[PDB]
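Enquirer: See run_37.cif below, with mmCIF, C-alpha atoms.
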data_data
loop_
_atom_site.group_PDB
_atom_site.id
_atom_site.type_symbol
_atom_site.label_atom_id
_atom_site.label_comp_id
_atom_site.auth_asym_id
_atom_site.auth_seq_id
_atom_site.Cartn_x
_atom_site.Cartn_y
_atom_site.Cartn_z
ATOM 1 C CA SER A 1 -47.531 58.767 -70.434
ATOM 2 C CA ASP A 2 -44.108 57.907 -69.168
ATOM 3 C CA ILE A 3 -42.747 54.643 -67.873
ATOM 4 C CA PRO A 4 -41.386 54.686 -64.329
ATOM 5 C CA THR A 5 -38.076 56.443 -63.857
ATOM 6 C CA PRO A 6 -35.912 57.208 -60.878
ATOM 7 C CA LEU A 7 -35.897 60.580 -59.131
ATOM 8 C CA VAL A 8 -32.687 62.130 -57.857
ATOM 9 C CA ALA A 9 -31.614 65.441 -56.458
ATOM 10 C CA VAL A 10 -28.360 66.801 -57.725
ATOM 11 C CA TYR A 11 -26.324 69.599 -56.196
ATOM 12 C CA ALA A 12 -23.551 71.057 -58.286
ATOM 13 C CA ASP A 13 -20.846 73.701 -57.930
ATOM 14 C CA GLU A 14 -17.705 74.890 -59.593
ATOM 15 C CA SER A 15 -14.645 76.743 -58.568
ATOM 16 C CA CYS A 16 -11.377 78.102 -59.847
ATOM 17 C CA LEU A 17 -8.386 78.699 -57.641
ATOM 18 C CA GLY A 18 -5.988 81.560 -57.854
ATOM 19 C CA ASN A 19 -5.770 85.083 -59.157
ATOM 20 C CA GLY A 20 -4.555 84.669 -62.696
ATOM 21 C CA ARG A 21 -6.372 86.138 -65.617
ATOM 22 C CA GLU A 22 -9.461 84.467 -66.920
ATOM 23 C CA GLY A 23 -8.605 81.083 -68.329
ATOM 24 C CA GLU A 24 -5.315 80.641 -66.529
ATOM 25 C CA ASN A 25 -6.470 79.221 -63.208
ATOM 26 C CA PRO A 26 -7.007 75.612 -62.226
ATOM 27 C CA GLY A 27 -10.632 74.684 -61.766
ATOM 28 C CA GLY A 28 -13.008 72.032 -60.564
ATOM 29 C CA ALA A 29 -16.594 70.860 -60.822
ATOM 30 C CA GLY A 30 -18.266 69.067 -57.938
ATOM 31 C CA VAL A 31 -21.553 67.189 -57.903
ATOM 32 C CA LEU A 32 -23.484 65.468 -55.111
ATOM 33 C CA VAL A 33 -26.287 63.099 -56.135
ATOM 34 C CA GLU A 34 -28.923 62.198 -53.578
ATOM 35 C CA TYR A 35 -31.228 59.205 -53.938
ATOM 36 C CA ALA A 36 -34.024 58.056 -51.684
ATOM 37 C CA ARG A 37 -35.355 54.562 -52.141
ATOM 38 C CA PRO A 38 -38.976 54.549 -53.123
ATOM 39 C CA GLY A 39 -40.996 52.986 -50.318
ATOM 40 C CA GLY A 40 -37.997 53.177 -48.155
ATOM 41 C CA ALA A 41 -37.269 54.463 -44.713
ATOM 42 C CA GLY A 42 -36.163 57.823 -46.087
ATOM 43 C CA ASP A 43 -32.472 57.460 -45.545
ATOM 44 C CA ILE A 44 -30.516 59.241 -48.241
ATOM 45 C CA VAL A 45 -27.988 57.460 -50.382
ATOM 46 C CA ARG A 46 -25.334 59.810 -51.676
ATOM 47 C CA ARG A 47 -22.848 59.678 -54.482
ATOM 48 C CA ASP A 48 -20.238 62.197 -55.706
ATOM 49 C CA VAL A 49 -18.799 63.020 -59.135
ATOM 50 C CA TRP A 50 -16.028 65.488 -59.912
ATOM 51 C CA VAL A 51 -13.680 66.656 -62.607
ATOM 52 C CA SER A 52 -10.951 69.212 -63.030
ATOM 53 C CA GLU A 53 -8.969 71.256 -65.565
ATOM 54 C CA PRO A 54 -5.581 72.867 -65.003
ATOM 55 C CA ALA A 55 -6.379 76.168 -66.721
ATOM 56 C CA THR A 56 -10.005 76.938 -67.127
ATOM 57 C CA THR A 57 -12.896 79.251 -66.372
ATOM 58 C CA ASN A 58 -15.848 79.294 -64.020
ATOM 59 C CA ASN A 59 -18.282 79.102 -66.902
ATOM 60 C CA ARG A 60 -16.560 76.148 -68.399
ATOM 61 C CA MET A 61 -16.511 74.287 -65.110
ATOM 62 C CA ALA A 62 -20.146 75.068 -64.454
ATOM 63 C CA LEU A 63 -20.958 73.461 -67.788
ATOM 64 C CA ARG A 64 -18.836 70.432 -66.949
ATOM 65 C CA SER A 65 -20.758 70.020 -63.742
ATOM 66 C CA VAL A 66 -23.836 69.495 -65.813
ATOM 67 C CA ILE A 67 -22.232 67.272 -68.351
ATOM 68 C CA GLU A 68 -20.518 65.075 -65.882
ATOM 69 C CA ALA A 69 -23.628 64.720 -63.789
ATOM 70 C CA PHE A 70 -25.911 63.739 -66.558
ATOM 71 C CA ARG A 71 -23.386 61.471 -68.162
ATOM 72 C CA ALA A 72 -22.928 59.502 -64.991
ATOM 73 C CA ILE A 73 -26.598 58.959 -64.389
ATOM 74 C CA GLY A 74 -27.161 58.229 -68.040
ATOM 75 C CA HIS A 75 -25.283 55.008 -67.771
ATOM 76 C CA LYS A 76 -27.935 53.150 -65.798
ATOM 77 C CA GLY A 77 -30.327 52.024 -68.457
ATOM 78 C CA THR A 78 -33.017 54.535 -67.838
ATOM 79 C CA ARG A 79 -33.987 58.155 -68.125
ATOM 80 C CA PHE A 80 -34.137 59.987 -64.846
ATOM 81 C CA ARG A 81 -36.120 62.760 -63.258
ATOM 82 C CA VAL A 82 -33.646 65.236 -61.749
ATOM 83 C CA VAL A 83 -33.863 68.250 -59.573
ATOM 84 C CA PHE A 84 -30.634 70.097 -60.335
ATOM 85 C CA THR A 85 -29.622 72.780 -57.929
ATOM 86 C CA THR A 86 -26.652 75.016 -58.536
ATOM 87 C CA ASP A 87 -25.132 78.339 -57.575
ATOM 88 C CA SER A 88 -24.646 79.089 -61.218
ATOM 89 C CA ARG A 89 -27.256 81.290 -62.783
ATOM 90 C CA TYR A 90 -25.298 80.837 -65.915
ATOM 91 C CA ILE A 91 -26.523 77.221 -65.962
ATOM 92 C CA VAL A 92 -30.024 77.827 -64.709
ATOM 93 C CA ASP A 93 -30.824 80.713 -67.020
ATOM 94 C CA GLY A 94 -29.020 79.042 -69.880
ATOM 95 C CA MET A 95 -30.936 75.818 -69.574
ATOM 96 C CA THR A 96 -34.260 77.464 -69.087
ATOM 97 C CA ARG A 97 -33.864 80.344 -71.473
ATOM 98 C CA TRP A 98 -30.688 80.965 -73.358
ATOM 99 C CA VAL A 99 -30.247 77.590 -75.084
ATOM 100 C CA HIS A 100 -33.555 78.188 -76.675
ATOM 101 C CA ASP A 101 -32.343 81.541 -77.961
ATOM 102 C CA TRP A 102 -29.126 80.061 -79.226
ATOM 103 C CA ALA A 103 -30.899 77.253 -81.031
ATOM 104 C CA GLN A 104 -33.250 79.731 -82.535
ATOM 105 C CA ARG A 105 -30.291 81.538 -84.030
ATOM 106 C CA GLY A 106 -28.755 78.405 -85.406
ATOM 107 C CA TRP A 107 -26.143 78.123 -82.681
ATOM 108 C CA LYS A 108 -24.180 80.747 -84.532
ATOM 109 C CA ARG A 109 -21.492 82.509 -82.548
ATOM 110 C CA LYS A 110 -21.388 86.263 -82.109
ATOM 111 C CA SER A 111 -18.137 87.768 -83.223
ATOM 112 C CA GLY A 112 -15.779 88.538 -80.428
ATOM 113 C CA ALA A 113 -17.851 86.632 -77.965
ATOM 114 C CA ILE A 114 -16.765 83.683 -75.919
ATOM 115 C CA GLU A 115 -19.954 81.853 -75.268
ATOM 116 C CA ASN A 116 -18.733 78.273 -74.701
ATOM 117 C CA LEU A 117 -21.123 77.144 -77.424
ATOM 118 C CA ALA A 118 -19.516 73.754 -77.980
ATOM 119 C CA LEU A 119 -19.805 72.909 -74.324
ATOM 120 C CA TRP A 120 -23.372 74.093 -74.184
ATOM 121 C CA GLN A 121 -24.144 71.696 -76.982
ATOM 122 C CA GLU A 122 -22.533 68.877 -75.073
ATOM 123 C CA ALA A 123 -24.465 69.788 -71.995
ATOM 124 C CA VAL A 124 -27.741 69.860 -73.837
ATOM 125 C CA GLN A 125 -27.040 66.459 -75.230
ATOM 126 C CA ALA A 126 -26.069 65.102 -71.846
ATOM 127 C CA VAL A 127 -29.370 66.203 -70.411
ATOM 128 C CA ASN A 128 -30.932 64.382 -73.304
ATOM 129 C CA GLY A 129 -34.186 62.752 -72.459
ATOM 130 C CA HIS A 130 -33.885 63.239 -68.737
ATOM 131 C CA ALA A 131 -36.473 65.486 -67.205
ATOM 132 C CA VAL A 132 -34.932 68.305 -65.216
ATOM 133 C CA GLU A 133 -36.086 70.974 -62.855
ATOM 134 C CA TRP A 134 -33.409 73.602 -62.746
ATOM 135 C CA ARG A 135 -32.996 75.468 -59.433
ATOM 136 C CA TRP A 136 -30.687 78.296 -58.316
ATOM 137 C CA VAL A 137 -29.413 79.011 -54.831
ATOM 138 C CA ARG A 138 -26.849 81.450 -53.603
ATOM 139 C CA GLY A 139 -23.463 80.011 -52.997
ATOM 140 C CA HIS A 140 -21.585 80.300 -49.746
ATOM 141 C CA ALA A 141 -24.896 80.919 -48.065
ATOM 142 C CA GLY A 142 -25.428 77.990 -45.745
ATOM 143 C CA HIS A 143 -27.091 75.497 -48.055
ATOM 144 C CA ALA A 144 -25.349 72.366 -46.895
ATOM 145 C CA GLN A 145 -25.406 70.305 -50.005
ATOM 146 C CA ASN A 146 -24.318 73.258 -52.094
ATOM 147 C CA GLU A 147 -21.454 73.937 -49.753
ATOM 148 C CA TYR A 148 -20.397 70.326 -49.940
ATOM 149 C CA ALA A 149 -20.432 70.486 -53.686
ATOM 150 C CA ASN A 150 -18.221 73.510 -53.533
ATOM 151 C CA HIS A 151 -15.917 71.647 -51.266
ATOM 152 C CA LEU A 152 -15.791 68.919 -53.852
ATOM 153 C CA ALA A 153 -15.122 71.373 -56.654
ATOM 154 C CA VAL A 154 -12.260 72.963 -54.801
ATOM 155 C CA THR A 155 -10.802 69.626 -53.931
ATOM 156 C CA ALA A 156 -10.981 68.667 -57.568
ATOM 157 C CA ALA A 157 -9.273 71.852 -58.653
ATOM 158 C CA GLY A 158 -6.605 71.561 -56.007
ATOM 159 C CA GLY A 159 -5.705 68.011 -56.623
ATOM 160 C CA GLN A 160 -6.354 67.900 -60.304
ATOM 161 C CA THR A 161 -8.318 64.682 -59.889
ATOM 162 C CA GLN A 162 -11.450 63.197 -61.386
ATOM 163 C CA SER A 163 -13.831 60.601 -60.031
ATOM 164 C CA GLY A 164 -14.559 59.097 -63.392
ATOM 165 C CA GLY A 165 -18.119 58.800 -62.441
ATOM 166 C CA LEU A 166 -20.313 58.197 -59.434
ATOM 167 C CA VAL A 167 -18.427 57.154 -56.362
ATOM 168 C CA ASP A 168 -19.408 56.704 -52.759
ATOM 169 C CA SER A 169 -19.992 60.086 -51.143
ATOM 170 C CA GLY A 170 -17.980 61.950 -48.623
ATOM 171 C CA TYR A 171 -20.911 64.037 -47.563
ATOM 172 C CA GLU A 172 -21.544 62.437 -44.235
ATOM 173 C CA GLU A 173 -17.985 62.675 -43.070
ATOM 174 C CA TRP A 174 -17.771 66.284 -44.243
ATOM 175 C CA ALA A 175 -21.000 67.117 -42.440
ATOM 176 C CA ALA A 176 -19.522 66.005 -39.190
ATOM 177 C CA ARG A 177 -16.395 68.121 -39.394
ATOM 178 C CA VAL A 178 -15.970 70.816 -36.807
ATOM 179 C CA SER A 179 -15.617 73.388 -39.518
ATOM 180 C CA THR A 180 -18.915 72.359 -40.941
ATOM 181 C CA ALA A 181 -20.625 72.438 -37.577
ATOM 182 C CA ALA A 182 -19.428 75.943 -36.828
ATOM 183 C CA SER A 183 -20.995 77.110 -40.030
ATOM 184 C CA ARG A 184 -24.498 76.251 -38.823
ATOM 185 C CA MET A 185 -25.803 75.238 -42.261
ATOM 186 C CA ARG A 186 -29.235 74.095 -43.383
ATOM 187 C CA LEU A 187 -29.889 70.822 -45.130
ATOM 188 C CA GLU A 188 -32.397 70.564 -47.971
ATOM 189 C CA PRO A 189 -34.791 67.667 -47.575
ATOM 190 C CA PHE A 190 -35.167 65.286 -50.472
ATOM 191 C CA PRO A 191 -37.828 66.353 -52.917
ATOM 192 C CA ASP A 192 -41.385 65.132 -53.137
ATOM 193 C CA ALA A 193 -42.381 63.790 -56.489
ATOM 194 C CA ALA A 194 -44.862 66.620 -56.018
ATOM 195 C CA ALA A 195 -42.214 69.275 -55.665
ATOM 196 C CA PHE A 196 -41.234 68.097 -59.143
ATOM 197 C CA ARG A 197 -41.685 70.669 -61.828
ATOM 198 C CA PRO A 198 -39.501 69.928 -64.830
ATOM 199 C CA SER A 199 -38.534 72.419 -67.463
ATOM 200 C CA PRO A 200 -39.361 71.856 -71.042
ATOM 201 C CA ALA A 201 -37.254 69.669 -73.144
ATOM 202 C CA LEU A 202 -34.181 71.187 -74.702
ATOM 203 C CA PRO A 203 -33.695 71.841 -78.387
ATOM 204 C CA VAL A 204 -32.074 68.809 -80.127
ATOM 205 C CA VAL A 205 -28.873 70.365 -81.329
ATOM 206 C CA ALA A 206 -28.127 70.888 -84.998
ATOM 207 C CA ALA A 207 -24.783 69.118 -85.064
ATOM 208 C CA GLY A 208 -22.192 69.882 -87.685
ATOM 209 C CA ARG A 209 -23.089 73.346 -88.861
ATOM 210 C CA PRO A 210 -20.513 76.096 -88.773
ATOM 211 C CA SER A 211 -20.534 78.672 -86.034
#
Please, can you express the file's structure as structure tokens?
Expert:
Amino acid sequence: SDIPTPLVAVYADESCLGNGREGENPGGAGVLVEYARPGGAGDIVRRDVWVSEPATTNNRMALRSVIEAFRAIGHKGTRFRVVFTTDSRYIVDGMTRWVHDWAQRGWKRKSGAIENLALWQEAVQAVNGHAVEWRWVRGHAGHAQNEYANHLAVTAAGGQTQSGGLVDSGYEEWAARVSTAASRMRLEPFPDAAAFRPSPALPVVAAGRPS
């Protein structure tokens, strides 16, 4: 069995701003990472990671949320166990189902389709050897961490900034805002290593073949 690894809970969102046609709007991806010290008092340590593109799509940004998240945690010398919660069914269904279908078909594109296949391959690689439980929640529905992540995504889109990796979180300050309070949101408690039900490992991509 497996050597000890850390457990984190990740909350991701994406957003585009504006009303231009698909692919013309600025966009952002926002990620909150929660970490509770094993044996600790239960206080949550939070870090944020965001990126943006000036003309992009919601699907692309959703994929970047995954890639950026897993890349940042990947840099700590260990595989991780991750509970990844997002508003994007595109990500959840893709990671749990579709990538397997795509791999099965040789990662070949369908003509006329725009499936973001290159990004999916990057995302699958980013996830790597980490063990992930993929979870969906509705957006804009009162899940506090999800709403924060959205706030981060929008900020990223608006400012056209990037964190470059994990940075100290703004969650606590955001949580205390009057706007946040009026929303009457619900916080998700940190997961039990019992709550942890990872998905199967992803197909190792067949790099270098034509679409």
Enquirer: Name all residues at most 10 Å from residue 35 of chain A (count all atoms listed in the file; drop same-chain ones fewer than 3 positions away) and give them as a list in words.
Expert: residues 6, 7, 8, 9, 10, 38, 42, 43, 44, 45, 46, 47, 190 and 191 of chain A
Enquirer: Once the PyMOL selection byres ((chain A and resi 88-94) around 8) is applied to the coordinates I shared, what remains selected? I want it as a list in words.
Expert: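 Going through the file, the PyMOL selection byres ((chain A and resi 88-94) around 8) ends up selecting residues 13, 59, 62, 63, 86, 87, 95, 96, 97, 98, 99, 134, 135, 136 and 137 of chain A.
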Enquirer: Could you write out the selected residues, including C-alpha atoms, as a compact mmCIF listing (two decimals), in the coordinates of the input?
Expert:
# COMPACT_ATOMS: atom_id res chain seq x y z
CA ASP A 13 -20.85 73.70 -57.93
CA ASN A 59 -18.28 79.10 -66.90
CA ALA A 62 -20.15 75.07 -64.45
CA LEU A 63 -20.96 73.46 -67.79
CA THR A 86 -26.65 75.02 -58.54
CA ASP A 87 -25.13 78.34 -57.58
CA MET A 95 -30.94 75.82 -69.57
CA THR A 96 -34.26 77.46 -69.09
CA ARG A 97 -33.86 80.34 -71.47
CA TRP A 98 -30.69 80.96 -73.36
CA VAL A 99 -30.25 77.59 -75.08
CA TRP A 134 -33.41 73.60 -62.75
CA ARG A 135 -33.00 75.47 -59.43
CA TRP A 136 -30.69 78.30 -58.32
CA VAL A 137 -29.41 79.01 -54.83
Enquirer: Residues near residue 156 of chain A, anyone? I mean within 10 Å using only C-alpha atoms, not counting same-chain ones fewer than 6 positions away, as a PyMOL selection string.
Expert: chain A and resi 14-16+26-30+49-53+150+162-163
Enquirer: Keeping only C-alpha atoms, write those residues as a compact mmCIF listing (two decimals), in the frame of the given file.
Expert:
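Result went into part-v2.txt, see below:
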# COMPACT_ATOMS: atom_id res chain seq x y z
CA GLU A 14 -17.70 74.89 -59.59
CA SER A 15 -14.64 76.74 -58.57
CA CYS A 16 -11.38 78.10 -59.85
CA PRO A 26 -7.01 75.61 -62.23
CA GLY A 27 -10.63 74.68 -61.77
CA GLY A 28 -13.01 72.03 -60.56
CA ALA A 29 -16.59 70.86 -60.82
CA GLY A 30 -18.27 69.07 -57.94
CA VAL A 49 -18.80 63.02 -59.14
CA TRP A 50 -16.03 65.49 -59.91
CA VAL A 51 -13.68 66.66 -62.61
CA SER A 52 -10.95 69.21 -63.03
CA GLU A 53 -8.97 71.26 -65.56
CA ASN A 150 -18.22 73.51 -53.53
CA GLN A 162 -11.45 63.20 -61.39
CA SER A 163 -13.83 60.60 -60.03
Enquirer: What is the atom CA of residue 109 of chain A-atom CA of residue 209 of chain A distance in Å, reported with one decimal?
Expert: 11.2 Å
Enquirer: Of the candidates A:202, A:181, A:55, A:175, which shows the shortest atom-to-atom distance to residue 149 of chain A, using all atoms listed in the file?
Expert: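 Selected residue with least distance to residue 149 of chain A: A:175.
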Enquirer: When the PyMOL selection byres ((chain A and resi 146) around 10) is applied to the structure above, which residues does it catch, written out as a list in words?
Expert: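 When the PyMOL selection byres ((chain A and resi 146) around 10) is applied to the shown file, the picked residues are residues 10, 11, 12, 13, 30, 31, 32, 85, 86, 87, 137, 138, 139, 140, 141, 142, 143, 144, 145, 147, 148, 149, 150, 151, 152, 187 and 188 of chain A.
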Enquirer: Please produce a file of the residues just selected, as an mmCIF file, in the coordinates of the input, where the atoms kept are C-alpha atoms.
Expert:
data_model
loop_
_atom_site.group_PDB
_atom_site.id
_atom_site.type_symbol
_atom_site.label_atom_id
_atom_site.label_comp_id
_atom_site.auth_asym_id
_atom_site.auth_seq_id
_atom_site.Cartn_x
_atom_site.Cartn_y
_atom_site.Cartn_z
ATOM 1 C CA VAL A 10 -28.360 66.801 -57.725
ATOM 2 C CA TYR A 11 -26.324 69.599 -56.196
ATOM 3 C CA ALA A 12 -23.551 71.057 -58.286
ATOM 4 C CA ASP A 13 -20.846 73.701 -57.930
ATOM 5 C CA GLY A 30 -18.266 69.067 -57.938
ATOM 6 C CA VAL A 31 -21.553 67.189 -57.903
ATOM 7 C CA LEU A 32 -23.484 65.468 -55.111
ATOM 8 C CA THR A 85 -29.622 72.780 -57.929
ATOM 9 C CA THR A 86 -26.652 75.016 -58.536
ATOM 10 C CA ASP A 87 -25.132 78.339 -57.575
ATOM 11 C CA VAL A 137 -29.413 79.011 -54.831
ATOM 12 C CA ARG A 138 -26.849 81.450 -53.603
ATOM 13 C CA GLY A 139 -23.463 80.011 -52.997
ATOM 14 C CA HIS A 140 -21.585 80.300 -49.746
ATOM 15 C CA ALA A 141 -24.896 80.919 -48.065
ATOM 16 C CA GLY A 142 -25.428 77.990 -45.745
ATOM 17 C CA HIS A 143 -27.091 75.497 -48.055
ATOM 18 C CA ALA A 144 -25.349 72.366 -46.895
ATOM 19 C CA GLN A 145 -25.406 70.305 -50.005
ATOM 20 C CA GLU A 147 -21.454 73.937 -49.753
ATOM 21 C CA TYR A 148 -20.397 70.326 -49.940
ATOM 22 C CA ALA A 149 -20.432 70.486 -53.686
ATOM 23 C CA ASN A 150 -18.221 73.510 -53.533
ATOM 24 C CA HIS A 151 -15.917 71.647 -51.266
ATOM 25 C CA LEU A 152 -15.791 68.919 -53.852
ATOM 26 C CA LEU A 187 -29.889 70.822 -45.130
ATOM 27 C CA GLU A 188 -32.397 70.564 -47.971
#
Enquirer: Give the answer as one residue: which of A:208, A:48, A:132, A:19 has the shortest atom-to-atom distance to residue 169 of chain A, using all atoms listed in the file?
Expert: A:48
Enquirer: Excluding residue 129 of chain A and residues on its chain fewer than 4 positions from it, collect all residues at most 9 Å away from it, counting all atoms listed in the file, and give them as a list in words.
Expert: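 Residues near the query, excluding close chain neighbours: residues 79, 80, 125, 201 and 202 of chain A.
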Enquirer: Rounded to one decimal, what separation in Å do you get between atom CA of residue 101 of chain A and atom CA of residue 122 of chain A?
Expert: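 Atom-to-atom, atom CA of residue 101 of chain A to atom CA of residue 122 of chain A, that is 16.3 Å.
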Enquirer: With the file shown as input, list the residues that the PyMOL selection byres ((chain A and resi 68) around 8) selects, as an NGL selection string.
Expert: :A and (49-51 or 64-67 or 69-72 or 165)
Enquirer: As an exercise, work out the distance from atom CA of residue 198 of chain A to atom CA of residue 119 of chain A in Å and give it to one decimal place.
Expert: 22.1 Å
Enquirer: What's the 9 Å shell around residue 117 of chain A, counting only C-alpha atoms, without same-chain residues fewer than 3 positions away, as a list in words?
Expert: residues 102, 107, 108, 109, 114, 120, 121, 122 and 211 of chain A
Enquirer: A:104, A:57, A:39, A:25: which is nearest residue 206 of chain A, counting only C-alpha atoms?
Expert: A:104
Enquirer: Taking all listed atoms of segment 194-199 of chain A, build the axis-aligned box, pad each of the six sides by 5 Å, then write its centre and edge lengths in Å to one decimal as JSON.
Expert:
{"center_x": -41.7, "center_y": 69.5, "center_z": -61.6, "size_x": 16.3, "size_y": 15.8, "size_z": 21.8}
